[PDB]
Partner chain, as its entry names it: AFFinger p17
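One chain comes next, on its own, written out as C-alpha cells in the form solved without the partner chain.
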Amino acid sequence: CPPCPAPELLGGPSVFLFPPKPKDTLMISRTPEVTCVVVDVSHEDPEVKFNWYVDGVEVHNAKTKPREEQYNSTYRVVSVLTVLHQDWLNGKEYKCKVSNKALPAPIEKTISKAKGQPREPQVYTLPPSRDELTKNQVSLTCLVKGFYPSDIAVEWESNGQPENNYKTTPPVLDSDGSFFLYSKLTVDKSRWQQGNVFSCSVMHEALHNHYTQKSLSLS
C-alpha cells in the first residue's frame, strides 16, 4: 500500500511553477522564462533556497527576486529561470526545488510543454455578415483551426499598428483531437468600409517561422 501525504504539508509555504508565455517561446526577439513562486513564507522562517534542473541537470543562472512583504503578513519569493526557446519546445523538463525550515523536505515542482504530435494551424479571416452592417461596429473574424498543442498567440493589426479591441475564445478541442479557436476584432463600421486592410497574426510552434498572418479587407 502507498504512502500518504502527511498533514505537515498543509502548513508550510506553497509553491507554484509557471510555464513561459507561448509568444515568448516562439519569437526570436523574446526571452521565455519559467517562474517559480513561493507563497506563505513566514516572518519566523523567511529564508528560501531554490535549486533548478533542466532534465535532471542542475542549472545556476536562475534569478531570485528579493522577498516581498504581502498585505496578509506573509512573504512571497520569486525565482525566474530564463529558458532557451528550443529547450522548451523540445519538451525538456524544468524542475524548481524549494527548501525552507518550515518544510520537513523540499517541495519539487516540474513543468514542461504539452506532449503530442504538433499540428499546424489553418488560419482564415472572415468579413462581417451583411446583416451586421446595420450596426455601428462590425466583427472581423479570425478562425484558427487544427493546431496542437493548444499553446498559441493571436493578435490583430492594421497599418503595422496593433489593434486593442479584440477578444479571442479559449482553445476548443475539436473532433480530430486538434484545437481551434476564434478571435473577434471589433472595428468602427466606417473603419471597415474605408478599405483598411486588417490583419490577423497567429503564432504557433508548428507554423513555418512560428508565424502566419492573414488579411481582411472590403470588396
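Numbering follows the first chain given and starts at 1.
Per the PDB record, of the two stretches 82 to 90 and 67 to 75, 67 to 75 carries the greater mean B-factor over its C-alpha atoms. A summary of the deposited B-factors shows that, of 111 to 119 and 126 to 134, the stretch with the larger mean C-alpha value is 126 to 134. For the set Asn61, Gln161, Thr169, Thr35, the PDB entry puts the maximum C-alpha B factor at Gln161.
The entry lists C-alpha B-factors for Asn51, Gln194, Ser42, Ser150, and the highest of these is at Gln194.
In this PDB entry, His204 carries a Cα temperature factor that places it within the lowest third of its chain's modelled residues. Among the modelled residues of the chain, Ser183 sits in the lowest third by CA temperature factor in this PDB entry.
The protein also exists as the form solved in complex with the partner chain; that form is not presented, and the subsequent description refers to it.
The shortest heavy atom separation between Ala62 and the partner chain in the deposited complex exceeds 4.5 Å. Mapping the unseen interface onto this chain, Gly160 counts among the residues with a heavy atom inside 4.5 Å of the partner chain in the deposited complex.
Under a 4.5 angstroms non-hydrogen atom cutoff, the partner chain in the deposited complex lacks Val57 among its neighbouring residues.
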